[PDB]
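Peer 1: Below is a structure I'd like to ask you about.
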Amino acid sequence: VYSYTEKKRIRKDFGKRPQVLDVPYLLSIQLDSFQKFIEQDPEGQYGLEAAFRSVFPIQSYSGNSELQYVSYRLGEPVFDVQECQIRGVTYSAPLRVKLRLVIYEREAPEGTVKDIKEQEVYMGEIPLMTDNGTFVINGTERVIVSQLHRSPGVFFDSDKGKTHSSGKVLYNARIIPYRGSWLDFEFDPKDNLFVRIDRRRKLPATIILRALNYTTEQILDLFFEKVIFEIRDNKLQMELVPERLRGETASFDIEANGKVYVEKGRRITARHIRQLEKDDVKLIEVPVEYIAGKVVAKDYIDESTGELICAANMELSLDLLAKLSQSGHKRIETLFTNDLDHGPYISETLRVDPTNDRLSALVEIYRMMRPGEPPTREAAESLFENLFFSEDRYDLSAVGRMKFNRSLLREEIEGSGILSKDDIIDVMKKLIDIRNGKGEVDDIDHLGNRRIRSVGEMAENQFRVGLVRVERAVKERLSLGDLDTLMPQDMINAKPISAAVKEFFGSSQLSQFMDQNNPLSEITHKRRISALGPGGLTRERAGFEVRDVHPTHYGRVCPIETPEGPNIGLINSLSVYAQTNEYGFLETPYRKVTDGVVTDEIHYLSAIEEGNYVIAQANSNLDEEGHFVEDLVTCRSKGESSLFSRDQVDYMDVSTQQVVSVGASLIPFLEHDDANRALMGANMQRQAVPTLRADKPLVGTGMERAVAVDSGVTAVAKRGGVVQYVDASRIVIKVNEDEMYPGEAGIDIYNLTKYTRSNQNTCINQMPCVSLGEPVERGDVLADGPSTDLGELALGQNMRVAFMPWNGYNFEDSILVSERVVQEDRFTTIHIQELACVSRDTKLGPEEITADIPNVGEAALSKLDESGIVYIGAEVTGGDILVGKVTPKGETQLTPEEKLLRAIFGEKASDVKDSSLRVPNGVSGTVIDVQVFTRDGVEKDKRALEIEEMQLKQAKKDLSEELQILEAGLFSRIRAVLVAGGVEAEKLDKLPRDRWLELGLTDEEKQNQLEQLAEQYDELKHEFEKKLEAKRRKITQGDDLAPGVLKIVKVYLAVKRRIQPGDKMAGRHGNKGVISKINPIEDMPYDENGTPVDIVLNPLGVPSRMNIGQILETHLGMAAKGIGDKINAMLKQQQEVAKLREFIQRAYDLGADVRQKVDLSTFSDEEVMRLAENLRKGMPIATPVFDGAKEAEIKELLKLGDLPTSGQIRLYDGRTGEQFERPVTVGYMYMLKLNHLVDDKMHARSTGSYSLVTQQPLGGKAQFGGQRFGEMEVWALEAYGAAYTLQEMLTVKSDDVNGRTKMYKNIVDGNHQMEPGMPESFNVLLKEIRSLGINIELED
Amino acid sequence: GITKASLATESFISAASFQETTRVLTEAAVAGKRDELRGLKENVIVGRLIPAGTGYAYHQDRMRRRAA
Amino acid sequence: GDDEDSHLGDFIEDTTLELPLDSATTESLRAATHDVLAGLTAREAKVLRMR
Amino acid sequence: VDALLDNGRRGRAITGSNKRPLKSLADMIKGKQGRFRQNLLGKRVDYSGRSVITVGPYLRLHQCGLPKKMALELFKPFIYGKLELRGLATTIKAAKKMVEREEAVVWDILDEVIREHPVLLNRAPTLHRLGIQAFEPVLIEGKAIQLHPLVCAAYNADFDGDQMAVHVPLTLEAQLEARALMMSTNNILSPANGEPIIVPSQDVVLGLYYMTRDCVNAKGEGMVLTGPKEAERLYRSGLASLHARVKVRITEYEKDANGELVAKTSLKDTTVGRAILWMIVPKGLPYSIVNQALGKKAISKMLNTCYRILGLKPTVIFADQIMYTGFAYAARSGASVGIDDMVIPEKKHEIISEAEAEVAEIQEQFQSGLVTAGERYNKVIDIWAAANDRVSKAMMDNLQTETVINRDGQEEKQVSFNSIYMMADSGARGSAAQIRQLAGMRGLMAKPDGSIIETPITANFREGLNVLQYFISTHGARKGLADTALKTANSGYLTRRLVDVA
Ligand SMILES: [Mg+2]
């Protein structure tokens, strides 16, 4: 059972492994994010609700007033998408939020309000996402690109042995919030712990702990373990724990309870400690030299004096221990310390720490954050308690808290959004443990440490910024003075919020013009993962660590699609199956593997979970039940991939395409290409210009249909039915009764787009692919967009390529194109320009758009109508006037001899300067549209009135067609209803058709349906009138233009570029090349039957670049066209249906163990002739990315045709007529036509317009500029002896202002000689040095 | 080094059009320095004939004509 | 642009200049009108150079 | 004041309405966008344009193709001068209108002013002195600048969308410097070493390698020929193969005298290809300079020998003749590349199975603790490197000589006519390490950290890699791209420091 768009032409599939998961909706990321943004969430976790609840309610500064939030509603847009693109304004919807103002009573904290008032306040507009995922911002379609940044949380990272002479590794912990201050702990080469806030000057680490209201004794309790010392009136006993003793040297006899365990010269081993454990050893005698280094913990105050014998953290010596011995202190708590397991880091930090109390530490913190102003008791406390401990100025928030708790090994997953004392202590403890050796550092590039922001989250942040602005404004206004009986329509200013949201959507690094020159280009621009942007790394501060594919990109980010150039690996492209988590991280599907059975339940494993399992490979043959074929199956446990047993494997890959993106999975035979050439092929597949009639990929990948449908170019059916009327500009579908709603008599109408330009000036044009009276289904394709053929993405045309060197016309990378390729109009493409002619208001008056222009004949004004503007359909060429315009000019003051000429010959001076709009020099094409916009007070010329009348007539006609089609369908459905239950054959068409809607029927759903149909009819009749009224009001109204412009005229040309030497043409496997000749048909190498090849490639490009994919694509195209030629021969004479069915099903049966059985026994003798007429141009073949069509299958398919199995035939020369030795490789390779056309590249300049400050030429081809003769060319002329060419390059041609006119007059005068002088930029430099206090002069 | 020997030149324009301009210009201002235009970058900046190739004869003539 | 070195000050023309073609045409007109005025009498040439 | 003389030296920079720091005077002078490097050392220049480049093999190496539209826009003042000089225009205004309408008489004026006027073709990264060369224009119908093949090595140009800018020299000294100094025929030796820079590159060395070879039994083997003319008439008539061992009577001239040429005649054991090629070599050269297989080094050496002995004019004419005949016979060879030209060794899977058994043995001896983990890793790496070397040796010995054809007998070995082997051995765009990733195995790849993976990828591009192997062999490609994209920034600063010290 096949879909009706797939019975026209069935693509032959060569993949062996079945697919268990359907390719997802490719644009789900953008749509889901912006659905999370503009939505009503009762929980209020994400969206606009989570920003309103985050800011509001606002309370005045003890002014006993409160403004609180209630609800909101997104208004409706005033202009739809097409009107927004035509008029030139944002497609947005007004955000009207319902607010409530309440005033409090004095001496009433939460007391009863006395006066409340509520209203609805308009707070800006938020732009809306279109049906596909693109925003319309100012007429232009933009795409907001996702971002890949560092997730909030805590990250421990080493210094990996740099920045020190000896090579000690330094460890540092960083706490990154979502909004606020960065806090960073780091080590020192002396093992002193240092902290720093906001990357400022560092402080000793204990300063922040003291600021957290800790003493020294409490810190020593937090970070160390106590050792108790006791005295039985002598010998200074020491309580011992067996674990602590390790790693020491027992130079003395360690004994207990009259039993010797260690002797002289024996260090402590594990066996001695186990002896001590077995003997239950607690107390021991130790000499004073053993305790001569220990550190006291707290302060031991004397019994009688009360003076300080010893404070916290001071090492005990013989004298101090002797002093505290007789004072009545038989207990001494000390600090346990080692050299490798427990370290003295906090102790050394405390001994470096200068501060002594909370206030001293607070002052020491305030003296770095605010250097220069004197500290205060209140100010330092405010600063510190406002740094990391205020929800207004610190958020983590949720993903930050989850990462924070996961990194510290806590159990709870959600918590507060602000720091706490135990959190900083835990970070410090974890860093100390990392230093000791317990844990291990993280890596930033790990795709479990990097989130993915999208449109919804970025737009929400930018909206919350505007809300903070309006909060400050309201709180300033609300708390002043009075109440003052005012509704909340004046405390809120709508501009600071709309300005923020428009600053985001309009001018941001991540709000990019959508490349629109393909379905693939759009659908791969929307699925982009940029690493740059606001909050992300700069292009120059990006090392070589974040530009390498990491082992956790397998399934989440494509490895072979990143833009080569200055940012390789910062603009990754999201993979096919990958999707965002609940928090933001990327995840990819995997098939759960039971004890031995590969199930079909799909678990999405994130980047951190996937490392704990053992995941199999997608190239792992199962024995048709799930059990692996061999016990040793290649897997990948954690980064490293090795061999694991079948009982040990736990997950399996879902499909074999999930590694690569959606653009690098349309390349057939990817597994043979090199990685560089696959990268270049993937990047050049998205520049293909849509040709005049896009054909088909004769060797595809099965991913063409998904890309074509899941984009927006093709118009897919919404409800299945039967096509009622197909026009070149609309399609009318009659829905089946099964899918029809009870209420309306629905017949769907699809309006197609005809010749509208894209952002890249190509042409967008949808043609119907269905015919009148033909079934359709849900999700079936009706109209093909640009570069689409029956719902398959066809980017270029496939042509009979050949691989041989041909007289040097394909020398380095060039191509040699036959003249049949240019005659057949197959690489021609339609580009649609747009020229604009704005008439402004100068000081000397307005500018007219009249058709009477001075100093211009009538042969130039032949194509202008009476109103000045050009006709529609007038084939204009370069230099022709399009829109005749004049500008007032005065203060003539002709020089002498000009007054003489005028006095002798009459012909007084012209008082208006001709500044009309004319076709650019070089382009030449028809004029297909002229739009005129007028200001709201200017009289309209005759042509604008003609355009308005035509548009009103067309709008009235379109509304009439809508009402007439829907009315015809409704009456037909009512007639059909009035047949069942009340059969009236000819009793029904007698009466007027308006009174059918009142009769009766028996007791079923149809008698309470005539009322529904009457309601639908009345609603349609009112809808026609309301739409007509609104449309007429919109057409007739004035426009809101820029301040100062009277009227704009915009002329759309349609240029058709054919093909020429210089046009860049590439294939899919990264083999670019510039055409170098257009051979005649006779000169091309004709094969043994007289058919010439169409393109002659070069063999030497293959072995040194190793894109062996193209040779195999050539062979497979040869085989596919062989099958097509066999079908075309059987059809050329009317053969039979039996032989056609036999051969087609014999072609669909090869080869070895493929899926996709296409048994033609059920096809119904008219679906076989249609299929065999769609296959007569070559049988399409699908070769999935890593599933492949092996060489045995290619050779078998070549044997099925007439063609030789080698793939190489004997080719005769065209000009000599004598055979080429060494048979050459011919086939059918799919050639694209990239968007680097030679007539957009070439320009030349002899004398143009010069810049302002430095009198030098301008930039290229738009200001008619000259080529930069930069520094390196100056060196290349100094390296020769050319000192005159150099001097005229930098004096006469460029900068020196008198010698350039003198040289022009000399060249015209027949004398080639320059009087050079000195540049003008040198005089600018002299003025700019002299305008300091520096005197620089040219003295002789 | 290459950079430190290119910055330490008798001419100060062939060193100011190199890396650091503020330091070179302040030192050449307080020192009252004087540039005699003997290299190639000075004559490129000023806009005259290079003293190396075809301009070598011209520069020799301008040298011998001076003070003679 | 989305970079440096594309500053708006590099795109503003100098509209206080005449084209070198204008200078060449003015010189050609000056020479042509001098040669035309030469082909007249001295008194009339002086009266037309004074008027 | 201190924010005007140099903004941002003390404290923080003051910002305008853009919330960006605004430029002081010291920022007008300093840096890559200051007056010193953006406007004084490098300038934008009139009389100049650019376009995409193509091949055009029919040119001699002192001329370049220039579109009529570019050559009409760059050469406008000369056209106005010639139109008013020859009397076709009343003044310069009428001449301007005449060249604007593109009248049929302005193309003759354009061909008159173009005749002996060089143009300076320049490619954007002008790394060395031979990046600017002057050619004589040839007016061409199109929009692409046609560039002679032999100068693509010097420009480092390839035709996959690269574009070059042309400049016009105006005065008489500029034309004479573009003709006597910078011309394309005056730069055929590199300025870094004496070696030639116009050596034939890839199609022509393949054509000349194919022409000058020998197979053990071809048509017309053993004939005796009366000269190169008879050899060519034998080959073009279909009576002798291009490589058949014959005896020809060649007359070579030697300059053993003190400047005189002595003609001597002998009988040489050569082929038809070498005899045909001997019609192109000039007088003074010997015959043992073409009696070889003539790879790429041999052709470069032949050009260098001709330059050292004869001079400059015969070297230029010789270079043009070599390019023409190389293109002709590369076209007539029909040398293609198919999927049967990448021969897997007959014993690849046996070697791989032996290496896998040996590494399993090493693993089992490791699990008993007899070897440290590092020693085990190093032994695994050495085993796989040895296996890779054995596979490469087997592939190359199956590729270079597996051809065997008989001469009136049983069998006889010879060098192979495998297309990929010819393209690798002749030096025409390939090497022995680019192959063996097509037929052999492609070895062990490294990780980003530096360690080479223990298990190598035992598959090549003839039979494809699987998902894990292709994902492993992607880090190397991205490191290569990310090093070529940022090594240029180091080299362009090293060369600037060097230029400004010297
Ligand atoms: Mg290139």
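We name chains A, B, ... following the order of the structure tokens; residues begin at 1 in each chain, and ligands are numbered from 1 as shown.
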Can you work out which residues from chain C touch chain D at a cut-off of 9 Å (counting only C-alpha atoms) and hand them back as a ChimeraX atom specification?

Peer 2: /C:4-5,21,24-25,28-29

Peer 1: Take the residues that were just selected and, keeping C-alpha atoms, output them as an mmCIF file, in the first residue's frame.

Peer 2:
data_model
loop_
_atom_site.group_PDB
_atom_site.id
_atom_site.type_symbol
_atom_site.label_atom_id
_atom_site.label_comp_id
_atom_site.auth_asym_id
_atom_site.auth_seq_id
_atom_site.Cartn_x
_atom_site.Cartn_y
_atom_site.Cartn_z
ATOM 1 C CA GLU C 4 35.459 45.540 11.275
ATOM 2 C CA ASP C 5 36.765 47.627 8.340
ATOM 3 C CA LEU C 21 35.317 64.319 -18.067
ATOM 4 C CA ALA C 24 38.242 67.773 -20.213
ATOM 5 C CA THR C 25 35.054 69.098 -21.828
ATOM 6 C CA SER C 28 37.964 71.545 -25.033
ATOM 7 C CA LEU C 29 35.173 74.139 -25.071
#

Peer 1: Mind listing the residues within 7 Å of ligand 1, only C-alpha atoms and all ligand atoms counted, as a ChimeraX atom specification?

Peer 2: /D:157-162

Peer 1: Could you go through chain C and tell me which residues DSSP, when run on the backbone, assigns to alpha helix (DSSP H), listing them as a list in words?

Peer 2: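 For chain C, the alpha helix (DSSP H) set is residues 20, 21, 22, 23, 24, 25, 26, 27, 28, 29, 30, 31, 32, 33, 34, 35, 36, 37, 38, 42, 43, 44, 45, 46, 47, 48, 49 and 50 of chain C.
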
Peer 1: Please produce a file of those selected residues containing C-alpha atoms, as a PDB file, in the first residue's frame.

Peer 2:
ATOM      1  CA  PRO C  20      37.579  64.531 -15.029  1.00  0.00           C
ATOM      2  CA  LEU C  21      35.317  64.319 -18.067  1.00  0.00           C
ATOM      3  CA  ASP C  22      33.796  67.666 -17.058  1.00  0.00           C
ATOM      4  CA  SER C  23      37.282  69.172 -16.808  1.00  0.00           C
ATOM      5  CA  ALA C  24      38.242  67.773 -20.213  1.00  0.00           C
ATOM      6  CA  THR C  25      35.054  69.098 -21.828  1.00  0.00           C
ATOM      7  CA  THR C  26      35.561  72.520 -20.246  1.00  0.00           C
ATOM      8  CA  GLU C  27      39.116  72.716 -21.595  1.00  0.00           C
ATOM      9  CA  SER C  28      37.964  71.545 -25.033  1.00  0.00           C
ATOM     10  CA  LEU C  29      35.173  74.139 -25.071  1.00  0.00           C
ATOM     11  CA  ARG C  30      37.613  76.854 -24.007  1.00  0.00           C
ATOM     12  CA  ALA C  31      39.988  76.024 -26.864  1.00  0.00           C
ATOM     13  CA  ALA C  32      37.167  75.670 -29.403  1.00  0.00           C
ATOM     14  CA  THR C  33      35.560  78.990 -28.486  1.00  0.00           C
ATOM     15  CA  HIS C  34      38.955  80.711 -28.569  1.00  0.00           C
ATOM     16  CA  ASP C  35      39.534  79.415 -32.089  1.00  0.00           C
ATOM     17  CA  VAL C  36      36.014  80.423 -33.148  1.00  0.00           C
ATOM     18  CA  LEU C  37      36.466  83.938 -31.731  1.00  0.00           C
ATOM     19  CA  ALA C  38      39.816  84.156 -33.529  1.00  0.00           C
ATOM     20  CA  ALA C  42      39.705  92.183 -33.641  1.00  0.00           C
ATOM     21  CA  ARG C  43      37.125  94.796 -32.618  1.00  0.00           C
ATOM     22  CA  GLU C  44      34.263  92.287 -32.490  1.00  0.00           C
ATOM     23  CA  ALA C  45      36.472  89.750 -30.705  1.00  0.00           C
ATOM     24  CA  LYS C  46      37.268  92.361 -28.058  1.00  0.00           C
ATOM     25  CA  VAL C  47      33.617  93.394 -27.756  1.00  0.00           C
ATOM     26  CA  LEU C  48      32.663  89.749 -27.174  1.00  0.00           C
ATOM     27  CA  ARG C  49      35.494  89.248 -24.678  1.00  0.00           C
ATOM     28  CA  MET C  50      34.318  92.340 -22.794  1.00  0.00           C
TER      29      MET C  50
END

Peer 1: Which is closer to chain B than all the others in D:440, D:284, D:42, D:450, using only C-alpha atoms?

Peer 2: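 Of all the options, D:42 lies closest to chain B.
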
Peer 1: Which neighbours of residue 23 (chain B) fall inside 12 Å, counting only C-alpha atoms, when residues of the same chain fewer than 5 positions from it are skipped, and could you give them as an MDAnalysis selection string?

Peer 2: (chainID B and resid 7:8 12 15:18 28:30) or (chainID D and resid 26 30)

Peer 1: Pull out every residue of chain B that has at least one atom within 9 Å of chain A, counting only C-alpha atoms, and report them as a PyMOL selection string.

Peer 2: chain B and resi 25-26+29+40+44-56
